[PDB]
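Just one chain follows, in the form deposited without the ligand, and it is written as structure tokens.
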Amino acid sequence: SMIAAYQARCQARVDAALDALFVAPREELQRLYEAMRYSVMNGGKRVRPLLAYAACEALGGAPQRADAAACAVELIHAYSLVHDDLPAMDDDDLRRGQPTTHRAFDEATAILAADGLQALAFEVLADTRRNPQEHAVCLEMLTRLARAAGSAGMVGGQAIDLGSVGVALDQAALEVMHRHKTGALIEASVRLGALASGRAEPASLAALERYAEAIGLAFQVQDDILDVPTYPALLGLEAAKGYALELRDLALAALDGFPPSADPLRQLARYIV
């Protein structure tokens, strides 16, 4: 509704900023840059940039302050999907009905494009012209994204995912995996946007992290539900729907006491489920 409009603005905005990053500095690197562009500019919904923009606004910041954050999270997200698709992992020919990067190009070029996307994510955050926050904040943003994207976060999640094959997984184990594999980067999108506001404080950061923890799981539960070891398989379908709504509630609760500028986050929570 309003969240639909909010999403569309966030998407337009981050796409414009992203599209500008893919000019090869010289002719020999053209194909690499085209693969980088192919990997990012794929019509994705940009939830992570929406979360950075919305967390910035929830704390009273003008959203353009989060522009760099919004690019950096989507850069990390994009590189992850390129690697996930590779023959050594999920070996997928298609993502959302289009050829994956390694299929469109080749496997080496895909690995390289995504490796470049990761470096570019950090480069954008450290660039004080693109990310004009106080220097201490730029460094906290970098620290946070590096931890979230690395072996103790997202990459670790993917390892947990690949080490759980054939192993019988219970709910607690499935959630550990989700918290790493997708939770860490969702929490970082929120944290980074909040930092970009220039008004972050420990209490408001802690609340927004509770919000992010809840919605990050809600996305996964709801995906499983729409697809019908999954949440519906563990709990049954009706109980899985119940858990989704419980997560929405914990998200709305974490936003207790926030101003009206936090409505986009409240709406997103409701929307997911």
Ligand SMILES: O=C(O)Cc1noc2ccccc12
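When you see a residue number, it is the position in the sequence shown, counting from 1.
Absent from the display: the form deposited with the ligand bound. The rest refers to it.
Novice: Using a 4.5 angstroms cut-off on non-hydrogen atoms, would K45 count as touching the ligand in the deposited complex?
Specialist: Because a heavy atom of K45 falls inside 4.5 Å of the ligand in the deposited complex, the answer is yes.
Novice: Are any of the heavy atoms in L50 no more than 4.5 Å from a heavy atom of the ligand in the deposited complex?
Specialist: So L50 counts as contacting the ligand.
Novice: If you check in the deposited complex, is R144 within 4.5 Å of the ligand, heavy atoms only?
Specialist: Close contact is absent here: in the deposited complex, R144 is far from the ligand, nothing within 4.5 Å, heavy atoms only.
Novice: How about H77 - does it come within 4.5 Å of the ligand in the deposited complex, if we only consider non-hydrogen atoms?
Specialist: Close contact exists here: in the deposited complex, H77 approaches the ligand to within 4.5 Å, heavy atoms only.
Novice: Just one of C71, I186, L195, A110 has a heavy atom within 4.5 angstroms of the ligand in the deposited complex, so which one?
Specialist: By the 4.5 Å criterion, the partner-contacting residue is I186.
Novice: Would you give me the residues of 259-273 that have any heavy atom within 4.5 Å of the ligand in the deposited complex, in order from first to last?
Specialist: Result: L268, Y271, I272.
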